[PDB]
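Trainee: can you look at this? It's an experimental structure, sequence on top.
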Amino acid sequence: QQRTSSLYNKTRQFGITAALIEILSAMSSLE
Amino acid sequence: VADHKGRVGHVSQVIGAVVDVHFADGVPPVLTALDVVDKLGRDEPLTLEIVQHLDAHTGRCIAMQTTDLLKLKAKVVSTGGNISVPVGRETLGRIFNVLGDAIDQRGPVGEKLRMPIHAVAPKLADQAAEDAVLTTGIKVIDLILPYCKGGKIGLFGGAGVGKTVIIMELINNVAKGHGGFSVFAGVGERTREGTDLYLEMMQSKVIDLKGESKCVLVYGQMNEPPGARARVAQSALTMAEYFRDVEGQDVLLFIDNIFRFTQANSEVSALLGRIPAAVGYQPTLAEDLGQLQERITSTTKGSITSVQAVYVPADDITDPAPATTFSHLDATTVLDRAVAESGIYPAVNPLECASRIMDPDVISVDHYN
Amino acid sequence: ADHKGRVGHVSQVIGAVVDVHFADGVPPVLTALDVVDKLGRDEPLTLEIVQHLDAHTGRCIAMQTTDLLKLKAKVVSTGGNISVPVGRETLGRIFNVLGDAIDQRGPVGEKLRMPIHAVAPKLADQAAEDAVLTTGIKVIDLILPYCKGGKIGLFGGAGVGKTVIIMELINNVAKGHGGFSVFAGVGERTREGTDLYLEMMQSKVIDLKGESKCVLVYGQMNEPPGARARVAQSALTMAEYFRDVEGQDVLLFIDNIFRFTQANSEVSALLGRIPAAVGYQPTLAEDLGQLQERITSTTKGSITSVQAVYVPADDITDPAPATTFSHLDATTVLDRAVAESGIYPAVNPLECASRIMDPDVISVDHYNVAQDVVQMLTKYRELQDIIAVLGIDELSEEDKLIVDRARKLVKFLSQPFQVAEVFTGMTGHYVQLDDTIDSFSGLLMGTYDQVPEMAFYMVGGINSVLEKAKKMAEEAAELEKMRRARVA
Amino acid sequence: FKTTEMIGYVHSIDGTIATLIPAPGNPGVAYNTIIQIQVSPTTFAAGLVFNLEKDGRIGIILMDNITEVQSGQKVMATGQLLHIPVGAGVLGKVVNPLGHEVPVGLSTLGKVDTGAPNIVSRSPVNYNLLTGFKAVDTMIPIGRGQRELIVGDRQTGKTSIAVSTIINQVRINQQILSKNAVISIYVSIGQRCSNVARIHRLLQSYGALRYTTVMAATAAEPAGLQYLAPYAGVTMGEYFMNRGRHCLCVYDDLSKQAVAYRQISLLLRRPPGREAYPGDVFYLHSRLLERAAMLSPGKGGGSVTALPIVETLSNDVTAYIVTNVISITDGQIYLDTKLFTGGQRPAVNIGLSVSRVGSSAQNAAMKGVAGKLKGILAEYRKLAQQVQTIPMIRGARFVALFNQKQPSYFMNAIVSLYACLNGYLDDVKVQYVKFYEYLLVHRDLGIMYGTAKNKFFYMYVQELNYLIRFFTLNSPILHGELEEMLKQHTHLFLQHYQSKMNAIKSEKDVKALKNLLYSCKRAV
Amino acid sequence: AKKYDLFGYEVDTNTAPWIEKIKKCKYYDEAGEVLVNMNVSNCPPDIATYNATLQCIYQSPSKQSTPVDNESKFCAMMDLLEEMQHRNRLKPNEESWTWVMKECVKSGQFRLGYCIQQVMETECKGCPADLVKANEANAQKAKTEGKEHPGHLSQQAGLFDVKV
Ligand SMILES: Nc1ncnc2c1ncn2[C@@H]1O[C@H](COP(=O)(O)OP(=O)(O)O)[C@@H](O)[C@H]1O
Ligand SMILES: Nc1ncnc2c1ncn2[C@@H]1O[C@H](COP(=O)(O)OP(=O)(O)O)[C@@H](O)[C@H]1O
Ligand SMILES: Nc1ncnc2c1ncn2[C@@H]1O[C@H](COP(=O)(O)OP(=O)(O)O)[C@@H](O)[C@H]1O
Ligand SMILES: [Mg+2]
Ligand SMILES: [Mg+2]
């Protein structure tokens, strides 16, 4: 339970980094 | 003296709360407050704080109130410096907003002085060389997780466990044992929760209308835009800094909630066009908390001792907003619901709690053992 | 070379990336440029053109630091690409990305210089020589055997045993090897470079007075990204000379190939390219393509490259290792949980693979035994999830015997390395291929069921297992006699 | 700083970053140089050049007086890289990355941008560096010129173990020749301001300021200073290294440096990658830590030892900044959170911790005892109802001995470990090991009661420390004389002092026993 | 003869110029500053150089102009021996340990003197009388005058009550 919750929490944060890098890498292409 | 005092400018661009201002005789400094003089179609005034400079004549700002009805080329005038907030014993008993205007309808404040919101944190020489115990007069705290002078203190606990009761008791007990006043930064708080604090303090007589008051309230609530909710933590801290530095006194500060400071800055940082760091927070997350939390410390002149609420989003303690805050904190107070429901008040679970000054060097050997 | 001393001026300086304006048109791509202008520098500056912006302007990358560089500074072409010395005069000497000797032992004898950016061999030049390179290591030789002419990759996270395994391979294989060797110190520790240079001088693979059989080309962490990117190719040019011209079997040692990709990721950002997945350059697959394809066994000679591959954040799905995996012949994967449990080397055998793991290349007895180890370990990982949930006692009668053997297989896969005598506190073990196959074969049969588990941990072949089991029986007999001494 | 030519005007500001427009003529400042912005007629504000655009515009990283910077202000150039004050005169003072001294309550310069020593410039690490901890100096021994990481969670003792390592040098440095003195450089990156003050007082009370200089970039100060703080720290150490002397560098911590560098990179639109950090965040720590080294006999044989601290979140080594620094440094000292709360302080996880050049770094005497301890603790950890072997008894006493607040002196450490190795604390119980060790060091039982008669070897004579380092304990000179001291100490402690534990079954005496034993954990 | 360092570069064996610098000593911390300056100019300390340093430690009064806390000529002296034996790989000759014995009897630290005559007798042939009787004189001097050792340690019974 400890180690799966940590993976849920890592995936939560890693998801939002990766979400926003893609979204803002879009508008660098659009100026 | 005060240069750039009434220097006139015009509104160049308005995109949400973020507003650009063109000045003919050069732009003011950074963090400079600007009153929008134009128009009487608004019901409340508009005050802009400069965050960035674009060119020598243009400067980008953030609105403390809503930016409704704001036309282009509208007349804007400087204040003289940063956003100025009233200080001293005339503030005690009164409620305030981010700017320092009284929001309680009890006449004009007695203010003999005003101080700027964006003060610099104390230097190395100003810091105390005696880590000293702040006796709260409470058994669980003083014995097991003693709060120190200058300390950042953290109040962990779910809904309806005894948070507002403990803050009120600390406002009483600071004033009993050290004679100190208190300040409450309602940072991004519910407006309806602000009424219940004001009434319960009036019933218990920590705030008194007819007589002596020992509390200050500075509220920047959820209804307000991000510019206010961001800066309102510093407004309260300026008032506590006056009681620390000038009056030379032990003072309490109460920030509910310090996450809402970081979250408020996360909104403006997005609108300013800055690229977000980890988990969509502002890239200056550690720096924002740095300049705020470092001002809260025990100087040679006095001691501010801030108890803070910290929201852990999604119960994820690894999140940047709490994780960055944990380094700054001295005494972690954890309140448990099962302890409250069993009959023990205050509901402090002593095993999950901890304090930095729980050490044979700081406190006495008999205290530690 | 007509563009030989063609003069230009520095248009823009943003980090290591520098733009240069040429009056009479820009040089070609990959063209080296010396910055002639004086400044307050201690060391020179050399720029390589990567892109062209217009007919008169060309974007570059700095091999040295770009400190004190003013705008409009005089820059002059060399005549072609960055040129590096080759041949037997290079052997024994240390070099940098450019090819200057960095060991203070006089000028190099260089009879020739070759460009760093060579083109990869065509399809017709390729040739397969499927022979087993016996590394003397149990996990490698049995499960993922390295072949002659093979490109081999050591994938693992920070501090798992990549540099330890390269050093053991230099002991085990590179000493008794009639060919020469090249070591590309690509963006790794400067202090590790000294220990290699000294240990080779002590063992006399590099010799000052006499014959040398090693070349060192170092572009370490202290150097800027332009050097660390290009330094892998400089070493590869020297190995290409021994392969193509001299017609010889050669070893190449790239520690670390991730630092090539990471170095290109820095410049690619400063060049103004839009990043691909996880912030790497969009040309990540192409950068590795042109580098790794040059590393191959031609008809003329044969490179046999061991490479180290850093897995960032222990994320094997990351582009930098994931893209590299396709290029390799024997993929060695090192796991952190295996290292922390006690098993060194930290080789996770299920994620590993080798092309020559085949009944045609290796013997039938080698393949059949090696497959049974992989099969048994696959069953064991499924059983390990059941023990965590239910318990050890809940398993079946036959499955318990599989666990006893599989637990011994994991322990017997560990090996005390000869370079790691300081770490382990025990002498090394070179385990023969015939010893490795026979000992593992008997363990699968169940001939060593009565042998205890800790006998197999950190030893070589079967003789050392039975030796440790004898020592365990004798010491257990003594401690039992001590507790049997007192009566009533 | 020294002004030269007025290169341009300030155009835009964005917190701690700015861009300039060139003045008429377009002089053009040099890259990576300092520039002074005239905030007022009297005052200046420093800044570093990071971008030289084709337009003529110049990107600036602001450092001082950031509130006072404004658009339209004049900008003077130095035309030089960042040099700072370095030498013996800078010791016992707090200083910025730019070199300005910080006031506290009551010298030829050196380049910050410098290349590390090359392959032939360095040499193998042989000189030991004592942290003053029995756990560290035996199992994870640090050599002079080594880079030894300190990792673990918040409040696990990362600073204390680094600060006490600096304090441990004073007892040696005072007695030894100043050629071999370990001069320390504590870099405080992104920390709280009061924490720097408490370390200043703690260094001052133990006489450490004489042999130490404190680099400081607190949380109030901007990201530009935090970014540059470890680089300024090494510069000050390299002076001692290049002039044939040994030095120590603590960076507390590189996690907050990376966050400061990420802020700078993100604010200037540098493409982010893993955990939003830029591409070259590995290169940031790599060129820093590689400048720490052990030079050859040909270049003085000096050293800069590095102790980088890196905070982990919930014991997660897989984070990008943590995994980067592990791959650069020569092993680590892992501080576990469960060991901290469990009792063991410093909370050194020996299984997770490692020194890549341990054996060659250690002293000849320390190598003798420590080689055996690895065998005992390996068997103790594996074997851990009851059933006690000799390894199980002696192994448990080592764990009790490793607990300590302040650092132990080399003589007082090695003798108390040698006692446990040969089995002098076997009859002594586990709870009374610190009382046994205290009475060994400060007091002495042979000289107390009667049965002394040792010709030279005693514990009050601290000067024997350096004789032990030469000859070792296992040697014909000291072996017989040492084994007397320990035999007298054990027999008298068991007879006279440990006899009380069978007695003492009352309230004002059991509490008196506790308060005695609690205080014994602190003093080694 | 010729000599080479660990890499194999040429090394300056010309010791004599740096020896006369150590003779003009005045205070013994200046000797270390010279020993630094030789190594910096690729000139490793000779066996005679260490003995020339050991002489300066004995003769001069303290470290420098001001006195440092816990000076100890013996500890500074024994550190230098550890440097030459282990790291630089040089056996100290008979002259080396005779300088050590002199400082024990001069300062009055006789207890060290007992340990180092045992060393001098076993390691480097012998300890020729002169200082042995001078060391034994200081041993009897402590006994007859008052007591040997601090004395604060000896008298204190303690037993459960011990200050920390
Ligand atoms: N010290 C106390 N003594 C008695 N009751 C208490 C005490 N502290 C809290 N409580 C009870 O707990 C309830 C919730 O506490 P409160 O602090 O108001 O929660 P919240 O902070 O969520 O508003 C109150 O209604 C009160 O009856
Ligand atoms: N065969 C081995 N025996 C013992 N320890 C090992 C072995 N292989 C690796 N290690 C451990 O791993 C650590 C770092 O290994 P290294 O290969 O230098 O790092 P990386 O794998 O990141 O290149 C060493 O300090 C060592 O303790
Ligand atoms: N060896 C030790 N023994 C007892 N207490 C310690 C020890 N080391 C650190 N501490 C205490 O633990 C707390 C946290 O230590 P610190 O070094 O500040 O950790 P971090 O650097 O992770 O914040 C401090 O209050 C300190 O006094
Ligand atoms: Mg490596
Ligand atoms: Mg710390």
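Mentor: Arrived safely. Numbers count the residues shown, from 1 in each chain, chains lettered A, B, ... in the order given. Ligands and ions are numbered 1, 2, ... in the order given.

Trainee: CA atoms of stretch B:223-243 as CSV?
Mentor: Provided in CSV are the C-alpha atoms of stretch B:223-243 (Å, rounded to 0.1, in the frame of the first residue of the first chain):
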residue,chain,number,x,y,z
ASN,B,223,-14.0,36.3,-3.9
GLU,B,224,-11.0,38.6,-4.4
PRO,B,225,-8.7,38.3,-7.5
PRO,B,226,-5.3,36.6,-7.3
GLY,B,227,-3.3,39.9,-7.0
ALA,B,228,-4.9,40.6,-3.6
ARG,B,229,-4.8,37.0,-2.3
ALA,B,230,-1.1,36.8,-3.2
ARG,B,231,-0.1,40.1,-1.5
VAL,B,232,-2.5,39.9,1.6
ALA,B,233,-0.1,37.6,3.5
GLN,B,234,2.6,40.3,3.4
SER,B,235,0.1,43.0,4.5
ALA,B,236,-0.5,41.2,7.8
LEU,B,237,3.2,40.5,8.2
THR,B,238,4.0,44.3,7.9
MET,B,239,1.7,45.0,10.9
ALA,B,240,3.4,42.2,13.0
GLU,B,241,6.8,43.6,11.9
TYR,B,242,5.9,47.0,13.5
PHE,B,243,5.0,45.3,16.8
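
Trainee: quick one: it near chain D?
Mentor: No - if you take C-beta under 8 Å from any C-beta of the partner chain as the test, stretch B:223-243 misses chain D, and the best it gets is 13.2 Å. (Each C-beta comes from the backbone N, C-alpha and C, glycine too.)

Trainee: list the buried ones in that stretch?
Mentor: B:224-243 (16 or more other C-beta atoms under 10 Å in any protein chain shown).

Trainee: list the residues that contact the closest residue to residue D:181 other than its chain neighbours.
Mentor: Distance criterion C-beta to C-beta, 6 or more residues apart in numbering or on different chains; nearest residue to residue D:181, sequence neighbours excluded, is residue D:173 at 4.3 Å. By C-beta atoms under 8 Å, 6 or more residues apart in numbering or on different chains, residue D:173 lies in contact with D:181, D:182, D:210, D:211.

Trainee: just the buried residues of those residues.
Mentor: D:181, D:182, D:210, D:211.

Trainee: pick out the most distant pair among the residues you listed.
Mentor: Comparing every pair within the buried ones among the contacts of residue D:173 by C-beta to C-beta identifies D:182 and D:210 as the most remote, at 12.0 Å.

Trainee: does ligand 3 sit close to the helix or strand the residue nearest to residue D:181 falls within?
Mentor: Element membership of residue D:173 [criterion: DSSP states H and E] is helix D:158-175. Yes - Helix D:158-175 lies within reach of ligand 3 by C-beta under 6 Å from any ligand atom, at D:158, D:159, D:160.

Trainee: that older thread, among the buried residues of stretch B:223-243, which are located in helices?
Mentor: Among the buried residues of stretch B:223-243, the ones falling in helices (DSSP state H) are B:226-243.

Trainee: tell me the contacts of whatever residue of chain D ends up closest to chain C?
Mentor: Evaluated by C-beta to the nearest C-beta, chain D has residue D:273 as its residue closest to chain C, separated by 2.4 Å. Applying C-beta under 8 Å, 6+ apart, we find residue D:273 in contact with A:21, C:265, C:275, C:278, C:279, C:280, D:279.

Trainee: tally of neighbours for the residue nearest to it when sequence neighbours are not counted?
Mentor: Closest residue in space to residue D:273, ignoring its immediate chain neighbours: residue C:279 at 2.4 Å, by C-beta to C-beta, 6+ apart. For residue C:279, the number of neighbouring residues by other C-beta atoms under 10 Å in any protein chain shown comes to 23.

Trainee: please apply the same query to the one 10 residues further on.
Mentor: Burial measure for residue C:289: 15 neighbouring residues, criterion other C-beta under 10 Å.

Trainee: report the secondary structure element holding it.
Mentor: Going by DSSP H and E, residue C:289 is in helix C:284-292.

Trainee: quick one: the helices in the chain?
Mentor: In the absence of a named chain, this looks at chain A. Per DSSP H, chain A carries helices over the ranges A:2-29.

Trainee: can you look at chain C instead?
Mentor: Under DSSP H, chain C gives helices at C:138-143, C:162-169, C:190-203, C:225-244, C:258-270, C:284-292, C:319-325, C:336-341, C:364-389, C:397-412, C:421-424, C:433-445, C:453-456, C:462-483.

Trainee: is the fourth one positioned near chain D?
Mentor: Read that as helix C:225-244. Yes - counting by C-beta under 8 Å from any C-beta, chain D has neighbours in helix C:225-244: residue C:225.

Trainee: how about the fifth one?
Mentor: Yes - counting by C-beta under 8 Å from any C-beta, chain D has neighbours in helix C:258-270: C:262, C:265, C:266, C:268, C:269.

Trainee: what's the closest residue to the fourth one other than its chain neighbours sitting at in phi/psi?
Mentor: Read that as residue C:268. Excluding the flanking residues, the one nearest residue C:268 by C-beta to C-beta, 6+ apart is residue C:281, at 3.5 Å. When read as degrees, to the nearest 10, the backbone of residue C:281 gives phi -60, psi 150.

Trainee: just residue B:15 next, same as before
Mentor: Torsion angles, degrees, to the nearest 10, at residue B:15: phi -120, psi 90.

Trainee: residues contacting it?
Mentor: Contacts of residue B:15 (C-beta under 8 Å, 6+ apart): residue B:271.

Trainee: now it: how far from ligand 3?
Mentor: 42 Å (C-beta to the nearest ligand atom, to the nearest Å).

Trainee: from residue B:50, how far off is that residue?
Mentor: To residue B:50, residue B:15 is 16 Å away according to C-beta to C-beta, to the nearest Å.

Trainee: got it, and residue C:460?
Mentor: 73 Å.
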